[PDB]
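Engineer: Input: one structure, supplied below.
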There are 2 protein chains.
Amino acid sequence: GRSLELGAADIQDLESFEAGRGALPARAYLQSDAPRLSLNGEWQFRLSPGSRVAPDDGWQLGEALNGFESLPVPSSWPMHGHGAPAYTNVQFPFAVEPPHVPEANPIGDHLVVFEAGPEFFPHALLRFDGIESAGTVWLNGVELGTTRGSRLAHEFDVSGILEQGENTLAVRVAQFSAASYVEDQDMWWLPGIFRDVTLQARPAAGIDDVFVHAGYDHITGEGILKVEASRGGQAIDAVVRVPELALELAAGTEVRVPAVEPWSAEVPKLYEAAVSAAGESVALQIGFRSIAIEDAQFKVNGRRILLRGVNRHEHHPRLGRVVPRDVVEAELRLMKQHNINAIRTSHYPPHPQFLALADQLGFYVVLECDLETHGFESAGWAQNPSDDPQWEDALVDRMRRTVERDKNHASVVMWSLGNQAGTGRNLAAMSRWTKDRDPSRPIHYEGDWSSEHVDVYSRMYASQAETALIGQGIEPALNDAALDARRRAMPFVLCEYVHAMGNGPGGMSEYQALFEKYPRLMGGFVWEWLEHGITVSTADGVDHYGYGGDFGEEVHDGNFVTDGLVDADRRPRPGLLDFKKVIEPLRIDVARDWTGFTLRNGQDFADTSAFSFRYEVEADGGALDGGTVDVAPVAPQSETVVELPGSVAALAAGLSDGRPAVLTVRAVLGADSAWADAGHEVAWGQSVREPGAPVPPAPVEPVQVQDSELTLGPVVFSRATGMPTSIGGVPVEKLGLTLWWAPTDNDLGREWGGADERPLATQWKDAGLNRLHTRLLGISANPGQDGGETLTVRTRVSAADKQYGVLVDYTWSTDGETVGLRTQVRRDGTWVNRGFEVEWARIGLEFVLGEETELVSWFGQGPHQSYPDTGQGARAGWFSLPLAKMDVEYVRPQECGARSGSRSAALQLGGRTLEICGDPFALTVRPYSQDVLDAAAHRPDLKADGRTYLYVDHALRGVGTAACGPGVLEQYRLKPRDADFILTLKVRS
Amino acid sequence: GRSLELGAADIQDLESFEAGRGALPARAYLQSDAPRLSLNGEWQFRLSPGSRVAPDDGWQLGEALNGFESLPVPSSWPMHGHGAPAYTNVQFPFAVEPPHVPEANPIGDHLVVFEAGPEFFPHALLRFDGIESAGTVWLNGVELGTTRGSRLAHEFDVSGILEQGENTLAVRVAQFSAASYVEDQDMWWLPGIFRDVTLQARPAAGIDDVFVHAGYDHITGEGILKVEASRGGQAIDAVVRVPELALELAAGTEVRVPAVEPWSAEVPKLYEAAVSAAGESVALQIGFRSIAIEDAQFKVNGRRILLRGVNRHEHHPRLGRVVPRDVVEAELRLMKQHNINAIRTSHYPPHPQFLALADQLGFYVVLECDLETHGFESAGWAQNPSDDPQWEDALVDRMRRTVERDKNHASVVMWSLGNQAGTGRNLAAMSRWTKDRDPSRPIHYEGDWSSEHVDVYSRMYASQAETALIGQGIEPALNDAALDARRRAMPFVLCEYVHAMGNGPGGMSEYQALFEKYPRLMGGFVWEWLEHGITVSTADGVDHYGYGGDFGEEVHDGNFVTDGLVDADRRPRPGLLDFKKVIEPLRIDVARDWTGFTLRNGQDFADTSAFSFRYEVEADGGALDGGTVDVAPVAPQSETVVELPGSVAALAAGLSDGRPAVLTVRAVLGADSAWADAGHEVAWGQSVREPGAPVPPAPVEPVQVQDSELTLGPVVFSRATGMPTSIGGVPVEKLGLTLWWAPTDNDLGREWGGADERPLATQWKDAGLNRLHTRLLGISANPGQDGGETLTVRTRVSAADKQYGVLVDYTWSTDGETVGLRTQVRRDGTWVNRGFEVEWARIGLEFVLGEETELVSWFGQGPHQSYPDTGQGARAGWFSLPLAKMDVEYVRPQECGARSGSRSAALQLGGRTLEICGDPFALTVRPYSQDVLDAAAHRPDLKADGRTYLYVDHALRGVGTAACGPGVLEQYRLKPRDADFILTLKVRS
Ligand SMILES: OC[C@H]1O[C@@H](O)[C@H](O)[C@@H](O)[C@H]1O
Ligand SMILES: OC[C@H]1O[C@@H](O)[C@H](O)[C@@H](O)[C@H]1O
Ligand SMILES: OC[C@H]1O[C@@H](O)[C@H](O)[C@@H](O)[C@H]1O
Ligand SMILES: OC[C@H]1O[C@@H](O)[C@H](O)[C@@H](O)[C@H]1O
Ligand code: NA
Ligand code: NA
Ligand code: NA
Ligand code: NA
């Protein structure tokens, strides 16, 4: 019969399996002297909820615009009130039935008027560097075409459509399209024209495309240069000038430069070049380097390299997918400042401006195509576009555009087909296309472990153990003997490892030792550089980051998008401070006798001439000595023993026994670089003269007994509970055993393997670890010394409904000045619950004091937190921080702020100071309780209550990376056990 | 050394394994002419948080009372502001380490001054009928003793301690003691002196104990009477008078009464008797009945009986464990009014006054000892007191006191050792003790399935299938051949079945048919009679019930305590209305031709003389005919065919085809009974002349097309969505498919068996059933009739991230007056998620109307809700209720209120009325959405939004009893399938 539905045609276009239509051939992004006009600025924007109600009212013509309001472009429009951001990880936010699209599909109509001078005639084009996800483009009312591939560039010919003077550009953007099925990255869904829009003139006798080939003969030191130039796809005559190298050559001819300085992330040497035809000149930066796979090793310029990498998404906490250039420059500088040398453009090509910065600052780049079909996995990959022939042209297009845009950049050392897209015919087609087009760069793809269509073997989150087996070449064989032979000849990369969500990542050091030991291991890229937090405010206007669910999403994945080394505003997390140290390119081992240090240059190409080597001896009262020592340049992968000045060793010999002192040797920048100023720290090592264990105070002065209180020097006990009620005028509200901490994001993740896959957080809750109860068994005084008396308080700790417990005995002693506390812990019964062994977070004490703390000082590791499998970046020394600065501003509050390896601590409580000494303990000080910390979903929920929560831990569990990847390694697990530890306390007024 | 802890002695007493000390021998509760004074009234009360701080300040003497305030006694003191109620099911609220007690142990000091006249001298006693959990008792400063067994009676001799005139009674009650380990019932923890306190004189030549033996010879009709009387444990001479039977006999001699009328729950004949010694007379009610197990059947007075039972806890929503006498009488009347004939005193003996009411109203009683160790189960029963020899005397005591108190009551037909206490030596000792003491009553205990120490085979929540196998005697054998032979000779009882939590219970009819078919099946007792809800109010003072967690509990079990047939205030839930019908003691099957009905007397002893048999024919406009028919008494377990007056059949023959009419036959009380008034309904049956399927309207008048709307008679469609936007001026805000409902408590329970034990609620959430999305595929008009046109709207329904869907096509038609809606549903793809088949809650439509509804009327089943496996109590007829009265006030809001079997419906929306007809559909009407219903944890969270949510379901799932016991039976499950159904709509103004 009849057909009455609306918008069927717009929707049928959105449901297209094809690439964009009407676009010029894909080419490089080129700096050209051709006239250009940026259309970035204030556009007009109208939002309709779906195609069926998007007006077809000739709005493209620019006149009589009702419903339109101002909107900046580039933009991610949900970041400007229009709709809301939405976060899913794997799950699609719409029903999975490709190529169909939901009825709720935000449609954004963009319109801008601009002036086209005569220099854009006769020929010109319009360039869009990114539209998420489907663009339709009209100029002065005529349709130029459509765009597909949200992070890829499209160029449309406007010759004979651009009119001199006023022009009107109209763009209809659909959030969802068939392309959404192939853009399922773990990140926010954010439609918009989110990258540059540019009018460019195309002069006659110009240059459309250039393909730089710049190799390096590491034996002769020769460069191998060929620069290809074309117009309309055909090779053209052009001249290539490289002044610094005294070169003038024809485009299209290979020459041998007698001697070039080769490009690497370490020494990113770049030669300025120009490719000139009659009507247009293109300016290039040329880095001479050759990539090769040899002996199951990934080599640049003849050397195996070590990738110290991160996964870099593009995200801004207020602008969405638009990352301003000053943020890009700052964050790339920040990466270099933390010894990073490699970037994976997870999981799509970056802004085109990124590539020149990577060339200049020096990163080995894995440039990744915009392709991810992860949400088909949950259905056994049924309908996976990667293996559906109908999607072949769309996916080859995506790969073509990815390669063509960035093929001229030395920093790109690998092409990646995409991410988490399964296996399939279209991936093979993308590989063959890339391999034919650009043999000079190995192909990467992790989704197909057989590695049939790639040149490197890539995995995500392989455990340290499996990595060690791969490093030795003894991983299990593939069933296919041919494929196994190929894959065993491949070097191995962790495209994602040590997931950096919340407190953590743990186990980074164990990976690094393998990277150093085994040449086949190329290194690894941390998942991920940044947290995708989005700024939002509450009533009082206090700012904080939002995550999945905080924007009304029907389906989401919560804080899983906040999984980074820096926050959305690029403030480092402790994991980055640790990472910087783990990947430091020099190793400095200070001799115990302070006569010198062993120095190993862990770089691949550079020597140590860029570094100044500094030493300082610090003591309780500050610096005793310091200076700089001169070090003959150490070659890459070599080592030497540097003598320290004799005054240092002599100072060590003169220290009275038990006086703590720390010798630190640092390698800093001898001069300003392009990524940091002179004096910036790159590497360091220490040797510590530990303080002698604190003398327990003689048990002098007998305990005083009263009706309800007991008194032992400065300590007052409740005779009912047997617990201290004040120490030296400091009110104590509670003292008890701790075995639990507020779960980290890692603790909320499933630990696969074994019959028990409950997250540790759930194991703890089931076991009652968060709700310990204490029963008093007895209190007794015993002869001490010369009248004095110790006080022993015996308790048992358990939880409601459990038969297992620990016996905890506190023996107190005092000489009137310092208080001696010995704690003994003994397992009672079998610590099994729900059929599995219970594990502990800690063995420690919680002191709850009835006064606030202004300042915390300690001798130990710092300044930032450290847990058994983290804190590589925490060095030995003396530290002091205001209470608030002891905390860590994770988006979801969780256990954090512990300072492991403390020998002494001092809390300033108003006018008094509480001092704690003893054998190594971890230190934590909070203005709120653990229950307040666990309950909080965002930082504003953390309310101070005027108390001080002081945690002193004899033992801590590790933090691992169980949110995604390995849990805590065996050596850092904490099974129930017996324990004993001494402390001394003292209050100064 | 020294020992400084406080309260060690009080705590060591609380940790005692022994029974109470200093108490008189256990005896019956006896109505005596001895002087008595109740000390119930306003006592003084002081609360301390534990033994170590409970003052030892001579408070027992009554002078200088600081910290004391007024408190009524009996009381559960947390119900009066002192502390808070706390609910755990299985889990103990304290660490499990018997006999030890937590430091947080509320200690309640009770004190009262009273006057003792001379009639309490020389000898007297003090009687406590219940103290939870540990009592210490002083009178005028001297310690009488202690109490253990919280629901058991203790009596202390006060001779020479009671002083003439003023006396001061002091009682220190500890909430927790070693006894708590054996009182772990699924209920609130509520300390207090919660039952009577009584001063009783003990005259010389009195009677301390009496033991009535009153058997019945069902062959001769003789009574067998022996009344034992004792003083100080020794048999004494007394005279027994039974006037009605012309008997005067000696105590201690067995006589044969020539003819007695025997006692049963159906005919609770009681003979008044007095047992008199010189100094005291005891008044008794004697019911002659004999209990016997024969041929694997439980028989009373020579007949197998059917138990129609409930589990009766003692709970009051504002007074806790104190249940006022008028509530006890009312609720027992209410039970009889719903055909219940049996009570299990779950899981402790009731108030002593209960036993006379049960004798008088008529219930077969399972009287259960106060014993439950359920919380040791989770540890493999390690340390279970039931098998720990140190607990033998305490547990034998409990059983002794239980039996001695109530052994004289005919209503007690079984003794139960306790509940969920595992297996063990002490249970065997309790059984042997009871068996020696009172052979006249079989022993019940469910915890030991081997049944070694019991006389009946008892289970909880055995499935209908397993019950059928037990009923046939073909359940699997025990390993022990001797024990198997014993158990197979036992009749079988479900001490708990068809858990009545929230919407439900389902599957009651399938159990009942087995009880009727198989003599070995004794029947069953529903878990439980009442919800243990506790009254609380919010800001505006609106009252509602609280459950676990609503009182600050650290560990609890939420609404699992609200699992009853009536609410805390004894308002019936729909499950009780269904239960009443399922267990109705007469079966009335009305003949299709309306000539008569088959009547089966399902009683065990009584005939049908107590019933008046009434008929009524009702039609659309009300009653057409009615009257009473006389029925010659039908013997128990017999049946007959009763003719109806010829006018009834003739009326059926005269009905024009399609005119609905309902013949109902009811058996009501011919005269007032002791539990209801004359006319009270006991049983009923119906025969319905169904209305003819509604004629679909001729598809006349063609559909009108506009830019954004389509019009088809009274219906206006949105051309974008293709859905109605108004019908006859009634705004329609949404129309779509439903497959999901707000989970019931049953849906939140694990369905054991199979690899999938996710609750159904979780299966639905994982599957996206609660978040369906609809895509429009096409809208088309088609030739109807004489110009007219149908309108077909094709849609697909799925959910985000899922590949499965349903195709839903709506074909609309109208003649200008009525609207015809045909809906077609077709499965698209395989409905599997997380590896398991998805099940649906329903196949229906949700109409969301933009106006409120005042009234709902329908022809179908009613007046209360009905689901496929419930609604036995809903009868056919015409019903009309205000919107609010369509809802069901479950404590936790959940799916409820559906009216299955509807043929027509009418919603009054202000001035207009919306009418729905069609083949059988279920009807639900709410002022709030399903998401609001699912989110709500208490009724105050249900906010009306001014809309009407109308649900019309072609198919519904059952509700089952999966919260505890069987899920939905196979025949009521709802697997994805294709479906089609027609409806007609019409708006009257
Ligand atoms: O012009 C349409 C097509 O032209 C091809 O030559 C080119 O490889 C593609 O980039 C595509 O855009
Ligand atoms: O390419 C084959 C691989 O595919 C992955 O998706 C899978 O998780 C691996 O176990 C491996 O089989
Ligand atoms: O008087 C103490 C004991 O006396 C026994 O004769 C009696 O069986 C028990 O009830 C117990 O109370
Ligand atoms: O008495 C033996 C029984 O004990 C129960 O606790 C158990 O759940 C049953 O499976 C049965 O073994
Ligand atoms: Na992914
Ligand atoms: Na938290
Ligand atoms: Na229980
Ligand atoms: Na709910």
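How things are named: the first chain in the structure tokens is A, the next is B, and so on; residues count from 1 in each chain; ligands count from 1 in the order shown.
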Contacts of residue 687 in chain B at 8 Å or less, counting only C-alpha atoms, minus same-chain residues fewer than 4 places along, as a list in words?
Structural biologist: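 Near neighbours after the sequence-gap exclusion: residues 590, 591, 592, 594, 662, 663 and 664 of chain B.
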Engineer: Write the selection just made, keeping C-alpha atoms, as a PDB file, in the first residue's frame?
Structural biologist:
```
ATOM      1  CA  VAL B 590     -21.151 -26.068  39.489  1.00  0.00           C
ATOM      2  CA  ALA B 591     -22.527 -27.894  36.454  1.00  0.00           C
ATOM      3  CA  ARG B 592     -22.056 -26.185  33.102  1.00  0.00           C
ATOM      4  CA  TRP B 594     -26.584 -24.784  35.768  1.00  0.00           C
ATOM      5  CA  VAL B 662     -22.120 -15.886  36.450  1.00  0.00           C
ATOM      6  CA  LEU B 663     -23.739 -18.543  38.638  1.00  0.00           C
ATOM      7  CA  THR B 664     -22.075 -18.729  42.049  1.00  0.00           C
TER       8      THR B 664
END
```
Engineer: Hey, which residues sit close to ligand 5? Say within 9 Å, counting only C-alpha atoms and all ligand atoms, and write them as a PyMOL selection string.
Structural biologist: chain A and resi 89-91+184-187+347+372-375+419-421
Engineer: Take the residues just selected and output them with N, CA and C atoms as an mmCIF file, in the first residue's frame.
Structural biologist:
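Result file selection-v3.cif:
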```
data_model
loop_
_atom_site.group_PDB
_atom_site.id
_atom_site.type_symbol
_atom_site.label_atom_id
_atom_site.label_comp_id
_atom_site.auth_asym_id
_atom_site.auth_seq_id
_atom_site.Cartn_x
_atom_site.Cartn_y
_atom_site.Cartn_z
ATOM 1 N N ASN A 89 31.992 1.338 27.797
ATOM 2 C CA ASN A 89 33.279 0.709 27.528
ATOM 3 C C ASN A 89 33.153 -0.183 26.296
ATOM 4 N N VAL A 90 32.585 -1.374 26.496
ATOM 5 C CA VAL A 90 32.358 -2.339 25.423
ATOM 6 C C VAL A 90 30.945 -2.221 24.864
ATOM 7 N N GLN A 91 29.955 -2.175 25.750
ATOM 8 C CA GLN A 91 28.564 -2.197 25.325
ATOM 9 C C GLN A 91 28.238 -1.017 24.408
ATOM 10 N N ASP A 184 33.625 1.666 18.233
ATOM 11 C CA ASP A 184 33.191 1.328 19.597
ATOM 12 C C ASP A 184 34.330 1.409 20.610
ATOM 13 N N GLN A 185 35.100 2.494 20.583
ATOM 14 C CA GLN A 185 36.207 2.642 21.509
ATOM 15 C C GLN A 185 35.695 2.824 22.938
ATOM 16 N N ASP A 186 36.564 2.471 23.885
ATOM 17 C CA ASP A 186 36.272 2.630 25.316
ATOM 18 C C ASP A 186 36.533 4.085 25.667
ATOM 19 N N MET A 187 35.485 4.898 25.590
ATOM 20 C CA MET A 187 35.611 6.346 25.717
ATOM 21 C C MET A 187 34.223 6.956 25.636
ATOM 22 N N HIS A 347 42.322 4.939 20.025
ATOM 23 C CA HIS A 347 42.368 3.897 19.000
ATOM 24 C C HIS A 347 41.852 4.511 17.680
ATOM 25 N N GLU A 372 37.149 -0.195 15.632
ATOM 26 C CA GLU A 372 36.944 -1.030 16.818
ATOM 27 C C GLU A 372 35.513 -1.538 16.800
ATOM 28 N N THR A 373 35.350 -2.871 16.828
ATOM 29 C CA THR A 373 34.048 -3.521 16.834
ATOM 30 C C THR A 373 33.815 -4.319 18.130
ATOM 31 N N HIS A 374 34.399 -3.860 19.231
ATOM 32 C CA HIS A 374 34.467 -4.644 20.480
ATOM 33 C C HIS A 374 33.102 -5.177 20.925
ATOM 34 N N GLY A 375 32.039 -4.396 20.725
ATOM 35 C CA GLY A 375 30.713 -4.778 21.190
ATOM 36 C C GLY A 375 30.086 -5.970 20.477
ATOM 37 N N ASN A 419 41.700 -1.701 16.755
ATOM 38 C CA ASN A 419 41.743 -2.197 18.127
ATOM 39 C C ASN A 419 40.489 -2.991 18.445
ATOM 40 N N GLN A 420 40.664 -4.192 19.018
ATOM 41 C CA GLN A 420 39.553 -4.995 19.525
ATOM 42 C C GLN A 420 38.437 -5.105 18.496
ATOM 43 N N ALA A 421 38.829 -5.522 17.301
ATOM 44 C CA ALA A 421 37.908 -5.669 16.187
ATOM 45 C C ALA A 421 37.784 -7.123 15.757
#
```
Engineer: Step one, run DSSP on the backbone; step two, keep only residues of range 241-479 of chain A assigned to strand (DSSP E); then write them as a ChimeraX atom specification.
Structural biologist: /A:241-242,247-250,255-257,271-277,280-286,291-294,297-300,303-304,307-311,342-344,364-368,412-416,443-444,457-460
Engineer: Can you list, as a PyMOL selection string, every protein, DNA or RNA residue that comes within 6 Å of range 306-320 of chain A when you count only C-alpha atoms, leaving out same-chain residues fewer than 6 positions away?
Structural biologist: chain A and resi 76+79+340-346+522-529+533-535+568
Engineer: Taking only C-alpha atoms into account, report as a PyMOL selection string which residues of chain A lie within 7 Å of chain B.
Structural biologist: chain A and resi 1-6+52-53+91-97+102-103+375+719-720+775+778-782+798-803
Engineer: Using only C-alpha atoms and all ligand atoms, find each residue with an atom at most 10 Å away from ligand 3 and format the answer as an MDAnalysis selection string.
Structural biologist: chainID B and resid 19:27 154:157 232:233 396:398 400:401 404
Engineer: Give me, please, the distance in Å between CA of residue 739 in chain B and CA of residue 770 in chain B, quoted to one decimal.
Structural biologist: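 The value is 7.8 Å.
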Engineer: Write out as a PDB file with C-alpha atoms, in the first residue's frame which residues come within 9 Å of residue 358 in chain B when counting only C-alpha atoms, dropping same-chain ones fewer than 2 positions away.
Structural biologist:
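As written to disk, result_28.pdb reads:
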```pdb
ATOM      1  CA  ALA B 265      -9.915 -28.755  65.194  1.00  0.00           C
ATOM      2  CA  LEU B 332      -6.816 -16.783  65.573  1.00  0.00           C
ATOM      3  CA  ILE B 343      -0.620 -23.877  63.775  1.00  0.00           C
ATOM      4  CA  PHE B 354      -2.410 -19.270  73.455  1.00  0.00           C
ATOM      5  CA  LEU B 355      -3.057 -22.890  74.368  1.00  0.00           C
ATOM      6  CA  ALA B 356      -6.573 -22.411  75.731  1.00  0.00           C
ATOM      7  CA  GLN B 360     -11.386 -23.524  72.131  1.00  0.00           C
ATOM      8  CA  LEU B 361     -11.292 -22.295  68.534  1.00  0.00           C
ATOM      9  CA  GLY B 362      -9.870 -25.547  67.162  1.00  0.00           C
ATOM     10  CA  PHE B 363      -6.354 -25.896  65.780  1.00  0.00           C
ATOM     11  CA  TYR B 364      -4.073 -28.877  65.518  1.00  0.00           C
ATOM     12  CA  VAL B 365      -0.942 -27.455  67.117  1.00  0.00           C
ATOM     13  CA  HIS B 409      -3.971 -29.207  75.981  1.00  0.00           C
ATOM     14  CA  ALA B 410      -5.858 -31.299  73.455  1.00  0.00           C
ATOM     15  CA  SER B 411      -4.874 -28.902  70.650  1.00  0.00           C
ATOM     16  CA  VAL B 412      -1.222 -29.919  71.002  1.00  0.00           C
TER      17      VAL B 412
END
```
Engineer: Quote the spacing between CA of residue 491 in chain B and atom 11 (C, counted along the ligand's line) of ligand 4 in Å to one decimal place.
Structural biologist: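 Separating CA of residue 491 in chain B from atom 11 (C, counted along the ligand's line) of ligand 4 is a distance of 18.2 Å.
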